[PDB]
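The form deposited in one PDB entry is given below as one chain in structure tokens.
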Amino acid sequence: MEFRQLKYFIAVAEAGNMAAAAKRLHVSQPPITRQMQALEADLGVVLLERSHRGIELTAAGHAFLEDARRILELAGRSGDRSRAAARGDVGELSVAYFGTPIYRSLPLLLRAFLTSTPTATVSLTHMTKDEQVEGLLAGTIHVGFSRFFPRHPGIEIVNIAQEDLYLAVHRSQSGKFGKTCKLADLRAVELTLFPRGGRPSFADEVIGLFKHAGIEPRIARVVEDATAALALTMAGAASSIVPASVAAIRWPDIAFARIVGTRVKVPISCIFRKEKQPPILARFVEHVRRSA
């Protein structure tokens, strides 16, 4: 294996074509090809099928393409890390997120950590709970944020805190509900929940909380994320239910009523690989532990 190969393989994949890839590398075709037979031989696997109506990846190719990406990322973040220790910096904490903690709870938490680790910087990437695990194992991300995490043997889950839930209506409905409400008050309200298929997801928790209180909720639809539901709510085409992180923000034409109920609550959680924690992660975990 070698670093030129991984750039060149990624080149040939994304372009779907040998001539198109000569262009974006600014080199010629034959040395790309000889570098591809170099990779293929080092790995012991055919990555590419040099065919007619383009040029296709084999199954090994697709699998590796994902990994070759992650390898160039690790090295890129590792060059930053050495420059960072040289200057006396603590270096970059690579953080990933899914869902609505990003709106408030999680920034508040990064604030607190950054305040007592003042050379530390931060990266934020939206990733699914699955991409988050792949990244933690590869080393490309140190910690991951969401609400509900399935267990994975090499990963620890910490539940930091609970956040209340809020009804979200267009501003023209503000009067109907007030500042507080009960799940019982919402049985006739048509809900747009989110996300689709993260299962079990935030929508399942919402739906579950209604069922716990003996109500089948009116579900109009399930949209990809809070962004979509908030936008539809803003446009007068939807109501929704969001965590407190979203309701702590003041969106024009959206109004919020806190749902009262000791049970009506969702977690911020994070996950991290427990095997080989770099110092910055270890420091960060000690921080979020005494936050829990």
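We number the residues from 1 along the sequence you see. Residues that one form lacks are left out of the comparison. Definition used throughout: the rigid core is the maximal C-alpha set that superposes within 1.5 Å between two forms.
Not pictured, yet referred to below: the form deposited in another entry.
In the overlay on the core between the shown form and the other one, a shift of 2 Å or more in CA position is seen for a single residue of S78, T119, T180, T115, which is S78. Note: the CA-CA distance for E92 and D67 expands in the other entry relative to this form, by 3 angstroms or more. The gap between the Cα atoms of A84 and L124 is larger in the other entry, by no less than 3 Å, than in this form. Against the superposed rigid core, the only consecutive-residue run (3 or more long) showing CA movement of at least 2 Å between the shown form and the other one spans 1 to 89.
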